[PDB]
Every structure is written in structure tokens, then in C-alpha cells.
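Below: the structure, in C-alpha cells.
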Amino acid sequence: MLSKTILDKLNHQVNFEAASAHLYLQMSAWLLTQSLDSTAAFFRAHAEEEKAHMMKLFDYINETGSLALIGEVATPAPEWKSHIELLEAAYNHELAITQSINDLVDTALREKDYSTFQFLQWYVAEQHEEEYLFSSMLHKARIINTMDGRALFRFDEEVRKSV
Amino acid sequence: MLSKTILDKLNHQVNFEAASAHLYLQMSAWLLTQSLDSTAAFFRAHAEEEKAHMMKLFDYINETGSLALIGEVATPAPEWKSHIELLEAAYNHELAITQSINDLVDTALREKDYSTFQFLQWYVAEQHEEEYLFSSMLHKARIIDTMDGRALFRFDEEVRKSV
Amino acid sequence: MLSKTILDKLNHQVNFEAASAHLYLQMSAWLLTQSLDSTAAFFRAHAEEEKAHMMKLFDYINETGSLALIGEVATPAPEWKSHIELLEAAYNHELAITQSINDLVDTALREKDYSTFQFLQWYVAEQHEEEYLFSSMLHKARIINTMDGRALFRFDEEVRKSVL
Amino acid sequence: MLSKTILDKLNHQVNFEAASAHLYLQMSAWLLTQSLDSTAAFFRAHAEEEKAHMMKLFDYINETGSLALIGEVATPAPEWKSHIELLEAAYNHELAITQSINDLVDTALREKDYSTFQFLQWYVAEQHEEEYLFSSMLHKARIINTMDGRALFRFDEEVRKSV
Amino acid sequence: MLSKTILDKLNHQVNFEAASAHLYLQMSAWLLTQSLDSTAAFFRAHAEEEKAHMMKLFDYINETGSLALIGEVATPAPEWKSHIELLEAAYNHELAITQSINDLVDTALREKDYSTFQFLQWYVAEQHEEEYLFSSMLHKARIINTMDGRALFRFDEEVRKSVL
Amino acid sequence: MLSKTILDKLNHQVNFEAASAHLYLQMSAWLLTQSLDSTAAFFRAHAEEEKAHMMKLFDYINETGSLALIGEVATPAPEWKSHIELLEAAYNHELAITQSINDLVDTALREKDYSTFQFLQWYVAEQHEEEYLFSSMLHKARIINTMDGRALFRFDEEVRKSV
Amino acid sequence: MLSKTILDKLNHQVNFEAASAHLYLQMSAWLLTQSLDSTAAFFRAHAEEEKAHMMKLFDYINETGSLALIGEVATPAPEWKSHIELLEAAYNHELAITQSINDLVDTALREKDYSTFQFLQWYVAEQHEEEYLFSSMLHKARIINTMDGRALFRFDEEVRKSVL
Ligand SMILES: [Fe+3]
Ligand SMILES: [Fe+3]
Ligand SMILES: [Fe+3]
Ligand SMILES: [Fe+3]
Ligand SMILES: [Fe+3]
Ligand SMILES: [Fe+3]
Ligand SMILES: [Fe+3]
Ligand SMILES: [Fe+3]
Ligand SMILES: [Fe+3]
Ligand SMILES: [Fe+3]
Ligand SMILES: [Fe+3]
Ligand SMILES: [Fe+3]
Ligand SMILES: [Fe+3]
Ligand SMILES: [Fe+3]
């Protein structure tokens, strides 16, 4: 049932989600060497989310009667010079995942594979939540990197406690 | 992330939903002067539904990283000469909202903004329920405005009680 | 039953409360662009409070037999250059609402509309709580904007954890 | 502690509330001769409300150290030619009570008897609810007395069941 | 926000309620020397009520952004020659508190400080309850000071047991 | 039963505890004008503790058959130029209360009033808790007033969260 | 706040209670080599009590604003030739602790350090319980070391089962 062009892209996405999990594990490890334990925990937990994204694609492909393929996943050693450089990478990575999902949705629509189109709506929605999460965490890291910013956040925290 | 054309239309829709809430509040107030207390209660409750429609758009916009805008909302004083004229206005208003949502869906599809496209599906579905609700209430009002009609409804009520 | 002068002022207040809700929604949206998420949440929640103020007026008017009117509500785009400028605007706005309620109470008393006078006592009380809430939030923002102030609040927070 | 002018007016009000109870009992009895059983039940129940209004005044007076007086209460036999005439009489009677309460509030304010002023606010609020209740019931009775009106109410009842 | 004339009067009232608490504590102590243990307990408990009146004023003042002031409170040693003389003093003291609250209400109305006016309604209502309580206790003490009176109360107590 | 010298000192202490309550209320009020809301709450609550210390003395005196006297309590308006000056005043005030209790204990021992000696042990214990509380709060305020100090506390707070 | 003489004695006592815990642990270990398992358990559990005595002193000192000092604690290897010799050493050790507490109480009284005096009353009471516990255990060990004694205890045990 799946066309070869769609199958190859779905398998590419399986592999991409797998690579994301590994990337976020690797980030988690690096963060622990900086004593950023909560950020490390976030990336660890989020690696588990990427695994679930992977498995859901993997299952869809197999349910259609084609054979899902994991492929090669290569995770570069940690280059990152600061936590902000790492958060920029994470956010750009999530933008690239969104691009890949959008290309996939577009090609399903173009081939009139409506079944794959509707299956992918879950991912379109999930990537909105992902971009919000990662862009927001980056934005806050940049602000907290400044003294003026830390003062803003001190006021915001006062509002969280007081009202 | 949001294109300017889609942002301006989403903000237009925010403002439209806000205007709907105010419209239905105003209709409620007029209906009370006619002693149509249950219809008034329906329009009051439904103003709260429109507020929820508004907020959900407002949140989506803000989550994407753009700034949602409420704008100007102008509610004309009650012109209505009968409850049927009011129900016609409500139904036409809901048709216009559906038009506006469809235009928005169409333009997201055209720009390949699949994220906004999938976000809007909730509204497409909700507007089907809205049209059904308002058209049906109008149709009943027209029937109940005739003696033959009030006899039909008396039978239908007998069936509701008997079986 | 309601005199025209009181009706016009109650309908003005309906509209004013509606404009407050929108104003606070708009402030919430701006605050999110500054990553002030808790302050944004506070203004969002408070927009809901202003809606309740509106509805309560709206219902009173309708219960008396008159027709409540929503009117035009115009919310300017966000001008604000800082969170402090926004909190000043919010506080001044709340002072204006109080003024408007006081005028309304005064005119009910003058016309001997004792029914509207007593209905409004809820608002007089509520506006005392509103001014306290917003003035206090502004004051804390000004303090926290200074290093000496942040140190005071660090001590206060130590007291919240250690004793109270 | 109470001035003579205020005491005489509070006692007048005690008597006025007592007369209202008896008036509403008498109306209830008349309504039963017309087979208006639900309206009769409403007036019967409301006679009990007027008694509570009476007792609360009665107590306030006694708590201040003065002697509450019931006085003479005379209830005319039922003149009423229709249920609308009776509802008009009930509404006008409630207006008169409100007048009497307003005169009492005004005179407490004028004498700077702030204690009686604040005690009466309960009555000012209650009379707003009473006027709403009785005006609304009269309005509906007038509407339901016409065929056009009975058609409006049939639609309103449809809305109560349908939504 | 509070005018100086209203602030000064609210602070005066804070101080007056504080003095009441101390007065009633002192009365309690005297009553114990007369073996009037239940009356002593009543005054002791009531001192706690007066403290609550004080704190509620104190909080309002601070919430408006002004600074509440406790001031000097002087409690004279117990002069009282009988329990009736003490109950008279308590009743007159409550009459004076009512006067002071009425003056405060009147001045809030005159300045159109409707916020303080509505805040004070609680006190107007409470002072009605206080005058009822204290006048009634005094009246009973006077009656029970007579033979004829003790016979009336004996009948009233028989009704409390037999019927009510 | 109580000697005049012990009675006069116990009554002095009653008055001293009453003055402490009023002092702490006044400090609370001043602290609110500085937006130090938690510190204000602490002093407000602690005024209630002082009012308990007072009552316990007041009851003991009365139970011995003497007449407890409240006396004159004068609370100066708030002079304080900073929160540290206020805390210093509070701590010194607590040192003076301890001195007064000690003098009282010493004089009960000297007169062989063992009953008052043992009654006062509660206060000797309580004042140890009071001095610990107030000294510790003052010390932290002085530390937090320095940048080096704020850094120490940031570490200490990290230990509270981490372990 | 603490005088240098009282501090030095409270720290000495901290160290004395620490040495008691270690002493009783060491006694426990020796008793296990004699197969006196219950007596070993008692001393083990009691070492934990001595630790609590230590910590309570340690805390008091620190709360006053001085620095508590543990010092050197030296526990000799087990010399004991019999369980009775050990119980004698334990009892005498408890007598010495009591002496030390008394000296401390006496010095606090002399310096009019009433705060340390009242804190120490807990220990005075506790040491009464300790002497009772250890003297009684020694007394029983001496009795049970004789045949006449073992017969008395057999009767006492019969009373524990039959009546009490
Ligand atoms: Fe993913
Ligand atoms: Fe992702
Ligand atoms: Fe809608
Ligand atoms: Fe709609
Ligand atoms: Fe409002
Ligand atoms: Fe407001
Ligand atoms: Fe009534
Ligand atoms: Fe009535
Ligand atoms: Fe009071
Ligand atoms: Fe009082
Ligand atoms: Fe104290
Ligand atoms: Fe103290
Ligand atoms: Fe020990
Ligand atoms: Fe021991």
C-alpha cells in the first residue's frame, strides 16, 4: 500500500526521531559535567519522548504492511562551549524536524495518500508544542544570562508566589 | 514563525470571536426585555463559548511567538423587531464565522502552514456544530410562529413524554 | 424603575469593565513576549475577574427591567516599553475604575436610588482589594528593579522559608 | 437609643410586613377558587417570606431596647375580578413596601442613625429581588393573556427543552 | 489614598480598640478577686474580640498603603466598688466606641470616601450587637440586685427548664 | 501569698510582654510599607506569641489571689531607617526581656518563693528559643546585605534543594 | 551569651556523653564474646541513648551561638574479667556522669545562668533513671551469682507468671 517515495520518507523520519533521542541523551550527559542537573534531567526525559515519536512512526509503517527501517544513527561527541550554544542547537534541531514533517505532510497531500496525511497530523501538532517548549527555554536562557534579565525573573517569581 | 498574512487573519478571527461574544450578550439582554428568559439564557451561555473560541486562538498565536491582538469590538445596540429577526441574525453571523474560518484554512493550506491548518480543524468541526444548533433553532422558531406548526410540536412533545 | 442618568452610568461601567478585561488580556499577551510568564498568567486570570464584574452589572441592569448595553470596546496595541510602565498603566486604570464607581455611588445617593447604592457596595469593596493588589505589585516591581531591593526580597524570602 | 421618629416608622414597617403576609394568604385562598393551584402555592409560600421580614424588624427593634408593636392588620375580602388584577395589586403593594423602606432609609441617613441605616440594607436588597419577582410574574401573565404571547412562550419552552 | 483626616481617625480607632481589650482584661482580673468567675471569663473572652476589631482596622489601614499606628494605651488600675459600677463603665465605654465609629462613618460620607464608608459598616453592625450585649447584661445585674428581681429570674429559669 | 516585691515584678513583666506585642505589631506595620511581607507576617504572628506570654503571667498572678495589673503601654511611632535597624531593636528588646526574667527568677530564689521560681522556668526556656530565633534572623539579614553573603546563601539553598 | 566557664563544661559533657556511647558499644562487643546476647543488646541500645544525650547538649550549645566541640574520645580495649566487673564499671561510669551534671548545674546556679540551669534539669532527671537502671542491673547480677539468689529469682519469676 505505501508508495516508495512516502515509505522512504517515513523511514527517514523514524531514523531522525531515533537520532533526536540520542542527541538529547548526549546533551544530557554534557549538561551533567556543567552541574546543570535539572536541564540534564529535562533532556533525559525528552529523549524518552523522541523514542515514543519514533515508535509511533515505526508502528504505522509496519501496520501498513511495509518494513520499517531504523538505519544508521550517528551522534557527534559534545562540541558545546556553553549551555546557550546547546539550547540553540536543540531549537534548530527541532526546527529541522518540523521541516521534515512538513515536507512529509506536503508529499502525502500531493500523492493523495490521505491515510498518511491524517496520521501525520499528530506530529504537526506535537511539533508546535516542541518548538514552543524549546524556543521558550532558549529565550529564558538568554535573558537569565544578563543581570537585567535575572532581575525581571526575580519579579516574575515574586508574582508566582504572591498572586 | 507565523507569516504576516496568516497572523493578520488569526488576529482578525480573535477579534471576530470577541465580537460574537459581545453580540450574543447583547442579544441576551434584548431577549430578557421580551420575557424570553430561556432563549436569553441560551445566548448568555453561548457568549461564554465564543470567549473560549477567542482564547484558544489567542493562545495559539502567543505560543507561536507572535503577539495576539484583540483590536476594536463594536456592538450595535439592539435593532431587532422580533425574536425571529434576531435568530436570523445569529444564524447569518455564524455563517460568516464559518466563512472566515474556511478562508483561514484555505490560506494556511495555500502557504503550506500545516501547523495552522491542523490547529484550525477544531474550528471547522466546531462551526459544523454551531450551524446545526443555530439553523435548527431558527427553523423551530419559524414553525412555532404558525398554528399548524404549534400543533406539530404538540405531537412531538407527546412522543417525548409517552415514548 | 432606573433613572436615565443612573442607567447611562451603569451601562458606561459595563463597558468600562469589558474594556478592562480586554486591556488585561492584551497586557498578558505582551508580557509573554518578554518571557514574564507568571505575570502574564496573573493578567490573564484577572481578565476573567473583570468579566465577572461586567456580568454582575449587566445582570443587575437587566433585572431592574432596563436594557444593558455593551457598547464599543477599543483596545490599543501594546505600547509598553517595560513591565514597570505596564504595571503603572494597570494601577492607574484601576484608580480610574474606582473613580467611576465612586461617581456612580455618589449619584445613586444624590438621587436617593438606595437600591443601586447598596448593589454598588460590592464594587466599592472590590476596588479596595484591586487597588491593594495592583499598587502592591507595582511597588514590588520598583523595588526589585534595584540591587538594594533584590537584597531586601532575598531576606524576606529567607524569612518565608526559615520562620513563617 | 432609637429616636421616636425612627421607632414609629420601624413599627409601621413591622405592621406593613404583617399585613403583606395576610394579604398574600388571602390571595392564595382566592386563587384556589379559580383552580390556579401553583400560583396559590406561590402566594402561600411568599406569605411565609413576609413573616420572616416582619420578625427580623421586630427583633431589631427589641434588641435596641425599644418595644416592637404589631398594631392592627386589616385584610379586605377578595375583590379581584381576574388573576391579572390580583397580580397588579401584588406588584403595587410591593412597590409601596419599597417606598416605605426607602423613606425609612432616607430618614435614618438624615438623622445620622447609621445603625438603622445599615440594618435596612438587607431590606433594600430584598425589595429589589421582590420587585423583580412580582413585575416579572405580572408581565408574563399579560403576555400569556394574548395569543401572540402564548406563541412566544411556546418557542421559549422549546428552547428550554432543546438547549 | 487615605486622606489625613480619615487616617488620623482610623488610627485613633485602632488605639481605642486596643484600649478596650486592655480595659476588659483589667476588668476580668478585678472580677476574679470578687469570685465572679463567669463574668471574669466573659470579659477575658471579650478582650479577644476587641483585639480582632483592632486588627481588622489595622489591616485595612495598611492595605490602603498608609501606616497604622498603635499609639499609647493607658489602663487605669481597678477603681470599681461593685460589679454594677464595672458593668456601667463597660456599657458607657461601648457607647463611646459607637460614637467614635459613627463620627468616623459620618466623616467618610462627608469626604465621599465610600471605600472607608463601606469598610466601616461591619463595625456599625458589630456595635449594635455590642450595645445589646452590654446593656442587657447591665439590666440583668440591676434586676438581680433586688429581691423582687431575683424572684422574676427564678420564674424565668423555671420556664427555661419546664417549657423552652 | 505573693510578696509585694515579687508581685510588683510580675506585674512589671505582664506590662513588658504587653508592650512587646504592641511593639511587634508596630514593626509589622512598618515592614509592610517596605514590601517586606513575610517579615511583616512573622512579626504579626509573633505579637500573638507575646500576648500569650502576657496572659500566662496574668493568670498566674490572679491564681495566687493577687490582682494582675496591665498598666500603661506606650509604643513609639516607627523610627526605623532599615530592616536591619528594626531587627537589631527586636533582638535587643528580647535581650532585655531575658534580663528581666532572670532578675525575676533570681529574686524568687532569694526570697525562697519556689512556686514563682518554678512557674518562671517556662519563660527561661522560652527566652532561649526567642534569643535563638531573633539573633539568627539578624545574623542572616546582615549576611544577605552583602554580595559575598548572598553567594553563601545561594549555595546553602542549593544544598536544601539537592540534598 | 554563654560564659567561657559554662561553655567549657558543656563541651566537656558533650565529649563525656560521646565517650559513654563508645564505651557501651565496646562493652556490647565484649559481652557477645561471652554469649551474653541480651546484655550485649541492652548495651548496644543504650549506646544510642548516650548519643541522644550528646546531641541534645551539642544543639543547645550551638543554639546559644557558641561552637560545640566533640574533642578526643578514647575507648580502652576490653579489660573486663567478668560480667560483674563490667557492670560495676558501667554503674561507676554513670555515677561519674551524674557528678559531672551536678557540677554543671551547680555552676550554672552560681553564675546565675538560669537558662543553662533549666536546660540541664532534663539531664538531672535522666541520670536518676540511669542510676536506677544500672544499679538495679548490677544488684541482680550479684544476687544471681549465688545459689541462694537464683532461688529468690525463681520465686520472683513464679510470681510474675502466677499473679502479676
Ligand atoms: Fe520528535
Ligand atoms: Fe522533538
Ligand atoms: Fe465561534
Ligand atoms: Fe460561534
Ligand atoms: Fe473591575
Ligand atoms: Fe478591576
Ligand atoms: Fe417584605
Ligand atoms: Fe415583599
Ligand atoms: Fe470593638
Ligand atoms: Fe466593643
Ligand atoms: Fe515574651
Ligand atoms: Fe519574646
Ligand atoms: Fe548520658
Ligand atoms: Fe548515661
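Backbone-built Cβ (ideal geometry, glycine too); neighbour counts: all protein chains shown. Any read-out appearing in this document is the output of simple, stated calculations on the displayed coordinates, not a laboratory observation.
A few points about this structure:
- Loop sites in the range G:39-90: trypsin sites (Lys or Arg not before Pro), DSSP, at most 16 other Cβ within 10 Å: G:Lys81
- Rounded to the nearest whole Hz, the Karplus-based 3J(HN,Hα) values (6.51 cos²θ - 1.76 cosθ + 1.60, θ = phi - 60°) of the range C:86-103 follow the sequence 5, 5, 4, 5, 5, 4, 4, 4, 5, 4, 5, 5, 4, 4, 4, 5, 4, 4, with x at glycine and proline.
- Sparse packing (at most 12 other Cβ atoms within 10 Å of the Cβ) combined with a DSSP loop state is found for the following trypsin sites (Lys or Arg not before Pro) in the range F:89-142: F:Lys112.
- Environment charge at F:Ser66 (Cβ cut-off 13 Å; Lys +1, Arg +1, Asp -1, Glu -1): -2
- Think of the range C:16-164 as having a plus end and a minus end, set by charges on the Cβ of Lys, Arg, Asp and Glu; of C:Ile61, C:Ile144, C:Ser115, C:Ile144 sits farthest toward the positive end of this dipole.
- Using a simple spin-label model with pseudo-atoms 7 Å out from Cα toward Cβ, E:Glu88 and D:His22 lie 4.5 nm apart.
- Given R0 = 60 Å, the distance between the Cβ atoms of E:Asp156 and E:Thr5 translates into a calculated FRET efficiency of 0.80.
- Point-charge dipole on Cβ atoms (K/R +1, D/E -1) for chain F, about Cα centre, debye to 20: 260
- Value of D in µm² per second that Stokes-Einstein yields for the protein assembly as shown, Kirkwood Rh from Cα pairs, at 10 °C (1.306 mPa s): 42
- This model, with +1 at the C-beta of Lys and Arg and -1 at the C-beta of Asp and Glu, gives the protein assembly as shown a dipole about its Cα centre of some 560 debye.
- Mean Cα-pair separation over length for chain G, i.e. relative contact order, pairs under 8 Å, 6 or more apart, %: 23
- Most positive-pole-ward Cα, B:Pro76, B:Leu133, B:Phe153, against dipole of chain B from beta carbon charges: B:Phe153
- For the range D:130-149 versus the range E:82-137, the gap between their alpha-carbon centres in whole angstrom: 46
- Hydrodynamic analysis of the range F:17-93 uses the Kirkwood radius over alpha carbon pairs. Inserted into Stokes-Einstein at 37 °C and 0.692 mPa s, it gives a translational diffusion coefficient of 245 µm²/s.
- In loop segments of the range A:60-97 as defined by DSSP, the GluC sites (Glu not before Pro) with at most 16 further C-beta atoms inside 10 Å of their C-beta are A:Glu72, A:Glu79.
- Ordering E:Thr33, D:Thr39, D:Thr116 from the fewest to the most neighbouring beta carbons within 10 Å gives E:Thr33, D:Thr39, D:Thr116.
- Kirkwood-type hydrodynamic radius, chain B: 17.4 Å, calculated from all non-identical alpha-carbon pairs.
- Inverse of mean 1/r across different Cα pairs in chain E, Kirkwood, Å: 17.5
- Shown for chain E: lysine pairs separated by 8 or more places, or found on different chains, whose C-alpha atoms are under 28 Å apart, numbering 11.
- Remark: chain C carries a charge dipole of roughly 260 debye about the Cα centre, counting +1 on each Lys and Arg Cβ and -1 on each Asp and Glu Cβ.
- Neighbour-count ranking [beta-carbon atoms within 10 angstrom, fewest first] of C:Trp30, B:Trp122: B:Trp122, C:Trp30
- Note on chain B: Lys pairs 8 or more places apart or on different chains, Cα atoms under 22 Å apart, count 8.
- Across chain A, C-alpha contacts under 8 Å between residues 6 or more apart give a mean separation that, scaled by the residue count, equals a relative contact order of 23 percent.
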